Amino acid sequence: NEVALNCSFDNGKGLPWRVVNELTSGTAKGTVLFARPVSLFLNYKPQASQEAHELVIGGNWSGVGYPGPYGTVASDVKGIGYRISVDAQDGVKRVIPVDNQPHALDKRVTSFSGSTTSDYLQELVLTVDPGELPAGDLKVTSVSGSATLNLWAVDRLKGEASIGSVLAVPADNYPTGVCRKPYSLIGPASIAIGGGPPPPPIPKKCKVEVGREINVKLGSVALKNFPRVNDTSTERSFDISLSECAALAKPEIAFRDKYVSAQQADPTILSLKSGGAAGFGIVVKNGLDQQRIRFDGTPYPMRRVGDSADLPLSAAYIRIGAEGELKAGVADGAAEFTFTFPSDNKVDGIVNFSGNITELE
């Protein structure tokens, strides 16, 4: 129970962040995504005293007037909040509060050894619904704003200051060098306290096998089956799917005509490879929105089911020519599709349509 002088806080062995809970569309507000246990060395020089002394460890957040959802201070990443608490010797978890004054969260019996530890729990909390979360990785590097984390090691007469109360910091400087000044952490430093790695990012992508080909057989149809322009063959159903998707992945898919580069007068009509049938095209219908796909590069959202994302599709021949224009033959078309997470620029696959326009039934 000696007097503490010249306090300083120093980093211990730094732990990696751990996943308390998995982020999911099902994750509730207030859930703890990540947590880390931090241990700091508290060093001071003892000097003998007649009266018993205590080292009172205090904390408070300054630079913001009031706390955020779930006792958090806003993180640089929106919808994710930072909360830090001390694992007190009395066996109580106490969160450092947002207040103008520091609060007494722990005490340490003073000793000549001049060495002790301060123990904390770091927590990253979801303050919004997962859908509400921003696009991108979501890595947390810093607290938002000017908010600063203050740790106070303060020497006091044993038992004079109550735990859980505002921590009074004496006006006096004796004995010269008494422990009174704060340790203030700003921005990434508050997040990076105690050393160790930065929080991990959240994955937002599905697994894409590049060069994937899909073949759809439209079959053979006689010209007599398309009496009027805008008439179509029987629909063929197919699905374009992605698997091993991250919980919060929301990918999109875009299509281009393999044979046409310029913007089409009507991009709902996919072109046939030339030297075959004439006056016909292919139409593909989006199962979700119920509208025909445009093959100009418009991106389409995909449905999410379990770990996979898919777009349900159906395809058919459509008659575009007037009476003179129709010709029979091989009817083949191709659509290149790209996925954006958004993270794709290269073509990621092709859909091949094959079939025939025949004269005789």
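Note that residue numbering begins at 1 and tracks the sequence as displayed.
Asks: Take the C-alpha B-factors listed in the entry for 264-272 and for 91-99, compute each mean, and give the stretch with the larger one.
Replies: The deposited B-factors put 91-99 ahead on the C-alpha mean.
Asks: Of 23-31 and 41-49, which one has the bigger average CA B-factor?
Replies: Result: 41-49.
Asks: Out of 237, 241, 215, 176, which shows the largest CA B-factor listed in the entry?
Replies: Top of the list by C-alpha B-factor: 176.
Asks: Whose C-alpha has the highest temperature factor in the PDB entry: 144, 286, 230, 122?
Replies: That would be 144, according to the entry.
Asks: Comparing against every modelled residue in the chain, figure out the third that the C-alpha B-factor of residue 338 lands in (lowest, middle or highest).
Replies: Lowest third of the chain for residue 338's C-alpha B-factor.
Asks: Among the chain's modelled residues, which third holds the C-alpha B-factor of residue 130?
Replies: CA B-factor rank for residue 130: middle third.
Asks: Going by the CA temperature factor in the PDB record, which third of the chain does residue 257 belong to: lowest, middle or highest?
Replies: Residue 257: CA B-factor falls in the middle third of its chain.
Asks: Mind checking which third residue 192 falls in for C-alpha B-factor across the chain?
Replies: Residue 192: CA B-factor falls in the middle third of its chain.
Asks: Should residue 171 be placed in the lowest, middle or highest third of its chain by the C-alpha B factor in the entry?
Replies: As the PDB entry reports it, the C-alpha B-factor of residue 171 lands in the highest third of its chain.
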